[PDB]
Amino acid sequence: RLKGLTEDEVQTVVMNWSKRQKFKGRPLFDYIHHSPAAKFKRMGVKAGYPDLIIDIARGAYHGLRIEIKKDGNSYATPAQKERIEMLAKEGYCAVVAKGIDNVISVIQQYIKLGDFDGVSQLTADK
């Protein structure tokens, strides 16, 4: 019982946090895009695309993608997992992160990788 935060709530807090950080002289928020029936599919909209797009290359990666879950009792779907694998294979940092604190932590760690070098990973294995 007692429900946790909704996913909309988790994402909104993360965005509000990003408005208070800076990257290259502007709010980090400016570098974050959220990609929110049959027509959309033929228009190219991909089911299970990660919630957050961060268009900055750092360390080993060409960009950052985050699939947000509201808490630890929510799980990525097969389409989300497949899209994450496709992104990783193409050299993007693409991860599931659950809850506000973990999403913020990933964004912090990603930026902290430093300038693109094609080498520095988020984790030992990925």
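Numbers follow the displayed sequence, beginning with 1.
Enquirer: Does the entry skip any residues of the deposited sequence between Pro36 and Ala37, and if so, is it 1 to 3, 4 to 9, or 10 or more, or none at all?
Expert: Gap size class: 10 or more residues without coordinates, per the record.
Enquirer: Look up the CA B-factors in the entry and say which stretch, 21-29 or 102-110, has the higher mean.
Expert: Higher mean C-alpha B-factor in the PDB entry: 21-29.
Enquirer: For the higher mean C-alpha B factor in the entry, choose 55-63 or 40-48.
Expert: It is 40-48.
Enquirer: Ranked by Cα temperature factor within the chain, is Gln121 in the lowest third, the middle third or the highest third?
Expert: Within its chain, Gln121 is a middle-third residue by C-alpha B-factor, going by the deposited values.
Enquirer: Can you work out whether the C-alpha temperature factor of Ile68 puts it in the lowest, middle or highest third of the chain?
Expert: Lowest third of the chain for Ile68's C-alpha B-factor.
Enquirer: Report the third (lowest, middle or highest) to which the CA temperature factor of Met86 belongs, ranking only the modelled residues of the same chain.
Expert: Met86: CA B-factor falls in the highest third of its chain.
Enquirer: Comparing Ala79 with the other modelled residues of its chain, is its CA B-factor in the lowest, middle or highest third?
Expert: Top third by C-alpha B-factor.
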